Structure formats: structure tokens, C-alpha cells
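**Student:** One structure, pasted below without further comment.
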Amino acid sequence: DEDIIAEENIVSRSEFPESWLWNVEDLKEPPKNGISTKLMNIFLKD
Amino acid sequence: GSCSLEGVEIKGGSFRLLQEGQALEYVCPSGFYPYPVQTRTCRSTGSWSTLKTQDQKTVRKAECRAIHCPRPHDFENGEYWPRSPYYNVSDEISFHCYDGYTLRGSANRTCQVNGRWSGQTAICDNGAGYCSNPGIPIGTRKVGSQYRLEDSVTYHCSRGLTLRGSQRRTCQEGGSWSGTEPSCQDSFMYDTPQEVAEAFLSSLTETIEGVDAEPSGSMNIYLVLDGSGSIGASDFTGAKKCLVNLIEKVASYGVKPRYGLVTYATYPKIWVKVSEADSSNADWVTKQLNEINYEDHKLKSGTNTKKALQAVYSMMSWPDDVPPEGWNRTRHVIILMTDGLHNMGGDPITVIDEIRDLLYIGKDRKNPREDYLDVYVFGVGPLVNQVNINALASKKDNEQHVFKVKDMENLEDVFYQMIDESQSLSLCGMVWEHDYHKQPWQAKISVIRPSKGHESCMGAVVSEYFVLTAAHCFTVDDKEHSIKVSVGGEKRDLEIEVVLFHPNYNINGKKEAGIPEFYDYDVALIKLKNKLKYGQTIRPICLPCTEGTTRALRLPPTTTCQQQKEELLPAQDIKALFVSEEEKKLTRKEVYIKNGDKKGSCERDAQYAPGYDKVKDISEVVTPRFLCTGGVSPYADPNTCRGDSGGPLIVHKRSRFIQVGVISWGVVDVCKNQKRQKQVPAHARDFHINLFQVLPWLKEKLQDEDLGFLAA
Amino acid sequence: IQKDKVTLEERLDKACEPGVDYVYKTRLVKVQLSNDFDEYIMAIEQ
Ligand SMILES: *[C@@H]1O[C@H](CO)[C@@H](O)[C@H](O)[C@H]1NC(C)=O
């Protein structure tokens, strides 16, 4: 008479910033039509 | 009776019976570790010892979990990626600070087989506090953003992890946090034979170098071996041989300290006392370490670590009466092997505190005397409580005192590698006792010229022949018979051989642009004619990018030249100092190196300098080979005089003195052989010569001085 | 702790646990009991 997931194997969230992603990027990709594009891969908070 | 083997195995693994069925050891296939505990004892109740984790939690079924590394559940002023509920082996993670923050340490770290992360701890500091950001070690959680003076920070590890080191660190005066850097440990991380030997010597040898100041060296080594029945003759006899090599290792350093061998169980047993006349004899102490046997404490196989340390207390105590002659000059090094599983006597920590009070340590805000006591602990027993063995071991900055090797065989290899290896033992930037002359490196230069001249400059002893100093203090016209150098406060003058100027030095190479003075590459060495005998008044000073400085900063031998520049000269308001002469008496002047965002403000003030009042571009008179100091922000830094010219720009860290610059020129002359200006302008800056820029020249001219310069 | 026969060996192991610090045979002299906590004045026979 039991199931669910063990309360031991539950990675609780913790990262709840009010502000982040405070970095800098430079557009050096091959310009087309005068428009440069950059594809960033960021990690969303919790 | 033998405990029943009913439901005592482990899922996805196995186990084996040892000590004739009195204990079992779980054997999990490579890539996995026994959970929770490694081994189990056979209680006399008929059942095996309950499965207790690190949080003292009861587990029903044992399982073989994969080797995971601690998760960074706390990181500030930056961002780490990728993020996962758990990190397997050979998993890589990178760190990156925000805008306006400097990243020190290893940016990329990989999870190793020892359940730990490679490289150093990643820290994102802005350099706005009195002390550098303590950072947040992977797996820990720092509480305290304020890094002012007297401020403190607390650390907390995740559930199921044992905190190693200090849980609280206070920003002490002089830009340095008390205790040591925390580190969340698990129950299988251990320490490679190299990690132990490397962190042990780097923490011991340094505590030995200072001892030589200065028969019978003023240092005591207390060898406390645990012979309880919870260790076994296997892990015991191995610990003996482990110590045997240690004594011989210390002997190779040509030092003969006072040893004290003590094996304890239910009651202490002193074999060698420091008060004996044979305590200095390494040979005898070794033979006494051989006569002992694990069978000595079989009848009464107890574990009373308290009485053990108390036995050491009586060896360093005194009638009183004494008050001994030289009690405040003796270093004490207590080394003890133990599983940390004490059960008789209570908390052995109480004794350690009594020892501190007896040696008067940590009882003075101005004189900590922490360098007069080291406590090294080594886990030997099958079940070792990292919590306890840590509470006893000392906590010093950038030093490790807690050790837990994989097995006994590895613990031996730790001391085998020592006997063969002979780390460089140099005393650069060192201070002796402490009349009054705490600046051995300091040198006073005088150049006699027609009419009068008496050019008054200063230098710094960097070797047994060469003395680093300014270059403008001399000229091509000045011969060697007209140049005299005095060191150690000696009345006589030393005869020089040749003054080597920098190949790129040209003070008169800017007159075309209307620039009378040009102190670019303003450095020069002075090779003496006679060899200098180092004493309590004469002693070299650490130079950037040297094997000697690497140890001074307590950094790994694999430290590159670039790493040292980031340590000594960060992108912040560095706290340095220089030597000034007031009323025929040397005195220190604490200043700040403007290497942060206040760098431009300090440089552009070179326009007020005589002759530079009509310079088009101020960046031409202030080459990257300059370190700007002095000013009003953040504090009112003392200015350099004319006689102080050529003086060493030292950075006092880790109780060591590292020269990083050379006094070149100042904006406003505040010294006129009368009184101090007192009304100094807010633009009265002082410029120096960054040694990190003139390395190629120093490394070449000092190739035959055994200073061990790094390649890079 | 607890309360099914607690033999001799049972007490030996439970008394020599790393946690166990003090082991006394006391005699209840006086009982000063209150509302939030009860004082129990014991006398260490040995
Ligand atoms: C060392 O001992 C002597 C005892 O006369 C004392 O005067 C001196 O202050 C002590 N030195 C230190 C480091 O305090």
C-alpha cells in the first residue's frame, strides 16, 4: 500500500533570482542583409 | 556468536567477510559505491550494526549508487552550466561571472573518479570589500554577502555530507579570512596518495621554514597513534611504518626536532617524551616505534582520545616555576592516526582548547600565534568519522590538515614519495624576530658625484649577489668606485661589480615629443663583488614567478606565471606597502595599488607632474609597465620621497613579503629634507614598475641564482 | 530511547556507541517539577 516517489529522490528548486542574465555578447556572425543573428543557449531559473 | 547473514547484502553488488566473520565489507563494481556505509561491524547482540548514513539516518536496504559529485546548490555573482539533478563521472561544468565581476580560479571543472571536482573553486568577486570574496565551494552554502572588516560568513553542506574545514570565517585585519576554505565531503571521496602528500608538505614544510630562526631545533612533533580494537592490526601496523618514513623524511631536511611517541587505547602509553635527551635522536624514536605492537592494547581495547591528548599536554606543560626560556618560540606539531570513533572520555576537543590556552594562542587580537601549533589527523580505521577528525585538525588558509586515503597501502605511498622528493626550501620575503629591524631585504644606495651629489636611493636584496633597484638613480657616467651600497644596517659600504640596466631603458628618449622624463622600464640590478651571508638582518625577498613564491602563496606546484599575477595583482584595490626612512629609522607605509576601476583616475593625474603639463596623450608617459598608487581614495595613502626612490613595492600576504613593483617616480614631491607636506594635493600619485612586465629580463640576469623562475 | 529482553550484550553495545558520552548510576534525590520542564536532581553513585 504505497507508491509515488521517495521523498529522498526529489531535487527541490532553489534558484529564484529577481534578476539574472547580466552578461555581454558580440555579433560577429556572417552578416546577411545587414542583419547579424546570434543563437544563445541559456538556462532558465527555477 | 557470529551474526546471521540474513538480509545483510547489497542490491546490485556484493560483500565479503573479514576478521573471521566479525565484520563485512560491501564490494560494489567499479563506478558504484556501497550505500550507506562501506563496512559493518558484528554486534554481540546477534545482529549487524544498523545502517547509519551521514545524517545519522536509518536505512533498510543497502544499495549500490553511482559515483556522483556535489551539486552547486548556491552560486552568486555569476552562473554555472549545465545544471543537473546529479553529476556523473567525467561530467564538465563551466562558471561565468556577471558584468563587472572578475572570475578567479578554474572556469572549467570536471567530476573525477574520487567523487570530487577538478581544479580550484570558482569565485566571482567584484573587489569592493576589505577582504576578497570567500566564494561558495561546490556543495556548500555561504551565508553573508558583507566582506568588510571583522565581518563573518557561515557555510552549510547538503544533507548527507560532512563539512570539512571551517564553518565560520571572519575577515581579519590585513585582508585575510580566518580558518580554512570549507569543502563538502561525502562517504567515498577519500584522497589520492598524491593529494595527501602534496597538501601535507605544503602545509608542514611552510611551518618548518619559519621555525629556522634561529642543537635541538625549537620544534616538537607529537606522534599519537591509536591502538584501539576498532582499527585492527592490519590498519595499525601499516600506520607505524607510515610514521617511520615520516621521521626519516623530516631528517632529510637536516632538522632534528623533539619527538614524542604515544600510543593510546583505554589509557595513554608514553614511549617517548619530549623532555628526554633522546627525543631529538630520530634513530631511537624509530626503534621505539618498531618495538610497539597492536597486541599491547588487546586486554583493554578502549578508545579514549581525550586522555591521549592530555598526555601530550603534560609533555608541553610546565611546573611554574617555569615559565620556560623560549616557550614562546617553539612550534608544536601534533600528528595522530585515528578512526575518530571515540567513546570514552567525551569530546577530545576540550583538550585542544586547553593546549591553545597553555601556548597562549588566539588570545591576542594583534598576535594570534597560530603559527605555533599544527594538528594533523589521519583516518586509519575501517569506519572513520570525518566529522570528528576534522574538529581536531587545525584550520589554516590554503592548508589541509584532514586526510583520508583510500586504503593503508596508499597512506604509505604518501610518505614514500616524500623521502625521494626534495621540495625547494627558500626563505624569500621572510622576517626574523621580532633591536628592531624587520626589513632585511631593504637596501640603502648612495652615489657620490662631483661637488656633492650623494644620490640617495634604495634597493632590495633578491639574491646572494644581485640587488634590485631603480635605474634613474644611476647614469652611464657613474663608475663602480663612486657607487656604494649598504645593507643590514652595516656601517661599512659594499663594493659593487657592475650595474645592469634594462635594455629598454631610455630616460632621454622622449625629448622630441617635449617629454623631459621617461621612466619606462625603470629597473636595474646590482651584482655585488662579495657573497652575502644571510642573517637576522640580511635576507632576500620573493620575486614574481618563482618556485619560492609559489610556496609562499601556498599554491600548487602546477601554478603558472599568469596565475600568480592574478593572485598578487587582482583587478581591484590591492593593499600593498613600501619602506620609508624617517629620522634615520626605517618605517612601513601601507598604501593601495589602483588596479581596479580607479586605475584610470590615478593615471590621468600624471598630467600635474613637472614637465608633463603639456603632454598630448597621457597614456604615452604611463606605459603598462607602471603600477599607480597613492591618493585619497579609498584611503589617504602615504607618498614616496626622493630617498625612498627605488624602494620595493611589497604585498604582505600569508605572513610573507612579495615584491611586485619598484618605486619609480612621483607626481608631487612632498619631501624636502625638512618636514612632510601635510597639505598634499588630491592628485599626488606615485608610480612604480610592475615586475610582471620585466620578467624576461629578470629571469635571464638571475638564471644563476637558484631562484627557480617559471617558464611561461 | 525505548523499553524486548535487553540482555547483557545489548547494554554493552548501546553504551559504547560513538554518541554515548556519559554513563552514570544515579539516585533520585529531589524532584522539582514545573510547567514547561521538570528538574530531576540525581546523585551520581558511581
Ligand atoms: C617571550 O617570552 C618573554 C619572557 O620574558 C616575553 O618577555 C616576550 O614578550 C615573549 N615574546 C613574545 C612573542 O611575546
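Each answer follows from the model by the rule given with it, or from the source it names; these are not laboratory values. Here Cβ is always computed from backbone atoms with ideal geometry, including for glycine, and neighbour counts include all displayed protein chains.
**Student:** Residues that are more than 14 Å from chain A (Cβ to nearest Cβ) and either at positive phi or polar (S, T, N, Q) (or both): does the range B:69-82 have at least one?
**Tutor:** Within the range B:69-82, the first condition is being more than 14 Å from chain A (Cβ to nearest Cβ), and the residues that meet it are B:69.
Adding the requirement that they be either at positive phi or polar (S, T, N, Q) (or both) leaves none.
No.
**Student:** A further question on this structure: Return a yes/no flag: does the range B:295-318 have any residue that is at negative phi, within 16 Å of the ligand (Cβ to nearest atom) and of a type outside the set (G, A, S).
**Tutor:** Residues of the range B:295-318 that are at negative phi, as a first pass: B:295-318.
Restricting the remaining residues to those that are within 16 Å of the ligand (Cβ to nearest atom) gives B:316, B:318.
After this cut, where a residue has to be of a type outside the set (G, A, S) as well, the list is B:316, B:318.
Looking for residues that are at negative phi, within 16 Å of the ligand (Cβ to nearest atom) and of a type outside the set (G, A, S), one finds at least one in the range B:295-318, hence yes.
**Student:** Let me ask something additional. What single numbered condition from (1) surrounded by 13 or more Cβ atoms within 10 Å (Cβ to Cβ); (2) more than 30 Å from B:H156 (Cα to Cα) fails to hold for B:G12?
**Tutor:** (1)
**Student:** Six or more apart or on different chains, Cβ under 7 Å: which pairs go from a residue in the range A:11-30 that's facing another protein chain (nearest Cβ under 9 Å) to one that's basic (K, R)? Could you list them?
**Tutor:** A:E15/A:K45; A:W20/A:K45
**Student:** Mind listing whichever residues of the range B:40-72 are in a strand (DSSP E or B) and either over 14 Å from B:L5 (Cα atoms) or not assigned by CATH to the domain that holds B:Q22 (or both)?
**Tutor:** From the range B:40-72, those in a strand (DSSP E or B) are B:40-42, B:48, B:51-52, B:58-59, B:62-66, B:69; that's our starting set.
Hits for the range B:40-72 are B:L51, B:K52, B:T58, B:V59, B:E63, B:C64, B:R65, B:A66, B:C69.
**Student:** Go through (1) over 21 Å from the mean Cα position of the chain (by Cα); (2) surrounded by 19 or more Cβ atoms within 10 Å (Cβ to Cβ) one by one and return the number of the condition B:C428 breaks.
**Tutor:** Here B:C428 clears every test but (1).
**Student:** Does the range B:108-152 hold any residues that are under 23 Å from B:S84 (Cα atoms) and loosely packed, with under 15 Cβ neighbours inside 10 Å, and which are they?
**Tutor:** We begin by selecting, within the range B:108-152, every residue under 23 Å from B:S84 (Cα atoms); these are B:108-124, B:135-142.
Correct list: B:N108, B:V113, B:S118, B:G119.
**Student:** Looking at the range B:324-438, what helices (runs of 4 or more DSSP H) fall wholly within it and have at least 3 residues that are within 27 Å of B:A251 (Cα to Cα), within 16 Å of the ligand (Cβ to nearest atom) and in the same structural domain as B:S252 (by CATH)? Steps first, answer last, please.
**Tutor:** On the way: elements: B:349-358, B:386-392, B:408-420.
In the range B:324-438, there are no helices (runs of 4 or more DSSP H) which contain 3 or more residues that are within 27 Å of B:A251 (Cα to Cα), within 16 Å of the ligand (Cβ to nearest atom) and in the same structural domain as B:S252 (by CATH).
**Student:** Right, something else. I'd like the full set of residues that are under 24 Å from B:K575 (Cα atoms) and of a type in the set (G, A, S), limited to the range B:653-708.
**Tutor:** Hits for the range B:653-708 are B:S655, B:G661, B:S664, B:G666, B:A682, B:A684.
**Student:** Within the range B:270-299, restricting attention to residues that are charged (D, E, K, R) and more than 16 Å from B:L225 (Cβ to Cβ), which residue is surrounded by the fewest Cβ atoms within 10 Å (Cβ to Cβ)?
**Tutor:** From the range B:270-299, those charged (D, E, K, R) are B:273, B:276, B:278, B:283, B:287, B:291, B:295-296, B:298; that's our starting set.
From what's left, more than 16 Å from B:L225 (Cβ to Cβ): B:276, B:278, B:283.
Working: B:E276: 16, B:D278: 13, B:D283: 11.
Result: B:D283.
Okay, residues lined up against (1) part of a loop (DSSP other than H, G, I, E, B); (2) in the same structural domain as B:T550 (by CATH); (3) buried (at least 17 other Cβ atoms within 10 Å of the Cβ):
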| position | (1), (2), (3) |
| --- | --- |
| B:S580 | no, yes, yes |
| B:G596 | yes, yes, yes |
| B:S601 | no, yes, no |
| B:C628 | no, yes, yes |
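**Student:** To continue, here is another question. Considering only the range B:99-141, give the strands (runs of 3 or more DSSP E) lying wholly within it that have at least 1 residues that are among the acidic types (D, E). Spell out the reasoning first.
**Tutor:** Details: elements: B:102-104, B:108-110, B:123-125.
Filter on the range B:99-141 gives B:123-125.
**Student:** Which numbered condition in (1) part of a loop (DSSP other than H, G, I, E, B); (2) among the charged types (D, E, K, R); (3) away from chain B (no Cβ under 14 Å) is the only one that C:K30 fails?
**Tutor:** The one condition C:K30 does not meet is (1).
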